[PDB]
């Protein structure tokens, strides 16, 4: 019988069966209670609910609501009994040990899973690329991580976290559109602006040159049809929004961009392995989906690195699901079936066991 793979993100939860090309269920990591629903139904009934995200910046903060998301995932999306399938969950880099135990305890005690493993999300995206050595820039809705990985093992001393991700970009886009006389303000409107962002934004290879073009002429303007039929036109907002990834000052942040955060992670690693990290920079998550981002990271990292070194960026087409695909690969391996924590092992050693096996 097939294993389950679920990837819990700040914005989106992805769920499916080990062995599939893609996840069968993708919905928002949102729980809504009276002033209780999950996902898109929680959004549709928002008017009678207080919506909350249980995951903040990659890390679980509301265990009550997280329990609800998993119950939703199993019973409503996948429509399965968790007592009959083993389960692969994912976790953020530097997830506190206390969280890992609580995760384990919920699977065994609340859902009665016969077995489970938990894996680091970035490490799954590197496995998915066909690699065991490399550095991963994972950028999703709540958080970005540069994770250097050597021969299968993440190097926690060189991991950097950046609280700058898709949610912040969507929010920035909402601000700058108000200069065009467009006041998006509700959570419904926030979702529409996220749509605009995903379909209209790109990374300029040369920001100052695109700004010049945008001011000289109207040749970068592009129109969007709202769900109610209204139409808006937008211009330099298209490339200014994702530029914030390289210039956090645009978001009021006194911090390094993804290109420089990546460089710094590499520099915190031993000189001997850097060449390989530079040549195996892999990119992961929905916030790395901007047209033109791969070329910009190539340009920007080549600017900071020694001129000897070869900088090679990998950017899989479907990389918003790289983490999930990694998990589907790993659970499906035949060699892996020994690695699961079994119900017997948890009944005999309690939540603490997770650190021995994972």
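Numbering follows the first chain given and starts at 1.
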Continuity check for residue 45 and residue 46, given as deposited residues lacking coordinates between them
none
Test of understanding: from the entry's C-alpha B-factors, which stretch has the higher mean, 103-111 or 219-227?
103-111
Per the PDB record, is the mean Cα temperature factor higher over 56-64 or over 285-293?
56-64
In this crystal structure's PDB entry, the residue among 175, 157, 259, 180 with the greatest CA B factor is 157
Going by the CA temperature factor in the entry, name the top one among 82, 248, 235, 242.
82
Using the temperature factors of the C-alpha atoms in this entry, rank residue 312 within its chain: lowest, middle or highest third.
lowest
If you rank the chain by CA B-factor, which third does residue 97 end up in: lowest, middle or highest?
highest
For residue 122, the third of its chain into which the C-alpha B factor falls
middle
Ranked against its chain, the third holding the CA B-factor of residue 171
lowest
Looking at the temperature factor on the CA atom of residue 269, which third of the chain's modelled residues does it land in?
middle
